[PDB]
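S.K.: Model the structure of this input:
(one chain, ligands or ions: 2)
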Amino acid sequence: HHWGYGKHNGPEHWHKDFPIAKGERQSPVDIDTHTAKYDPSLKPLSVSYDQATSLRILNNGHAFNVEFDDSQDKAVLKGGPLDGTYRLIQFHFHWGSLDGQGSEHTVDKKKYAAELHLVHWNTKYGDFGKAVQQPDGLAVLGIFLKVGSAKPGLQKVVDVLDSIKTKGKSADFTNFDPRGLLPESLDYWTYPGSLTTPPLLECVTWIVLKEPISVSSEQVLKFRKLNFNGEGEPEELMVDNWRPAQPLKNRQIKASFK
Ligand SMILES: NS(=O)(=O)c1ccc2oc(NC(=O)c3ccccc3)nc2c1
Ligand SMILES: [Zn+2]
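M.R.: Numbering: from 1, shown residues only. Ligands and ions are numbered 1, 2, ... in the order given. Now the structure:
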């Protein structure tokens, strides 16, 4: 399986190995702000990251993941559209070659410079691998990044990137507090969708925050020094690792706010 984000192996090719690429609940999507409806039945969103235990940061050849210890209920997402408890397992980003593109979701067709995904699995299924086989198995909290002032809570991540430049490299990454990546408001849009990379499984409740975070140009420029390739291989900068918006089909995007 040699999928990626080049001309020869990018998102337009993925359907050949992963037919669900052309499925009925694929992600990301465009969020039309004038079509999404406020839903008063949405319960309040509860982001409880006080006991989060980060462990490691990994360049997987597609992005970099900050991995958490999820062997107990240490950092959980609840409320909003969700039933039950969803446990934080990792976060990562998608970003562009230029500030004008990079996000996977769009807002009225606007692309942001990047998009953070905090990935959580539904604890009624016991483990992540079982959760991804269920329509309600994962909740991904998506947060847009725009370029402006620096995000201080991001800098520990930025400064470790030098040590994981190439595919397969990892570093110790303990005591990182993901609350420093959140915007002030938790206002959100929600819809049923998928993983945005292969295997493209249709197992995700998407919760996309309306308020972006600001990061500095220097911060995002460091993301773009990463490599898709392994050590000693020809250098391919890790940029433009985003899937474009997919058909909405028979779905409704709900707003948590008036
Ligand atoms: N862009 S996305 O839709 O948020 C997205 C896309 C693809 C993903 O594959 C994984 N797997 C694990 O984290 C994992 C965790 C435990 C064991 C194996 C894998 N999370 C993903 C999130
Ligand atoms: Zn993602």
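
S.K.: contacts and neighbour counts: CA atoms only from here.
M.R.: OK.

S.K.: which non-adjacent residue is nearest whichever residue of the stretch 51-200 of the chain sits closest to ligand 1?
M.R.: Nearest residue of the stretch 51-200 of the chain to ligand 1: residue 195, at 3.3 Å (C-alpha to the nearest ligand atom). Leaving aside its sequence neighbours, residue 195 sits nearest to residue 201 (C-alpha to C-alpha, 6 or more residues apart in numbering; 5.5 Å).

S.K.: Quickly note the distance from the residue sitting nearest the centre point of the chain to residue 91.
M.R.: Among the residues of the chain, the one closest to the centroid is residue 117, at 2.1 Å (C-alpha atoms, centre = their mean). Residue 117 is 5 Å from residue 91, where distance means C-alpha to C-alpha, to the nearest Å.

S.K.: Over to residue 178?
M.R.: 9 Å.

S.K.: Check residue 112 too.
M.R.: 18 Å.

S.K.: returning to that earlier point: just give the number of residues close to the residue nearest to residue 195.
M.R.: Residues lying near residue 201 (other C-alpha atoms under 10 Å) number 22.

S.K.: which residues touch it?
M.R.: By C-alpha atoms under 8 Å, 6 or more residues apart in numbering, the contact set of residue 201 is 20, 132-133, 194-195.

S.K.: Residue 142 is in contact with the residue nearest to the centre of the chain, correct?
M.R.: Yes. Between residue 117 and residue 142 there is a contact under C-alpha atoms under 8 Å: 4.7 Å.

S.K.: Can you name the residues of the stretch 101-250 of the chain sitting close to ligand 1?
M.R.: Residues of the stretch 101-250 of the chain lying close to ligand 1 (C-alpha under 6 Å from any ligand atom) are 117, 119, 128, 140, 195-197.

S.K.: Let me know the closest of those residues to residue 219.
M.R.: residue 117 (17.2 Å; C-alpha to C-alpha).
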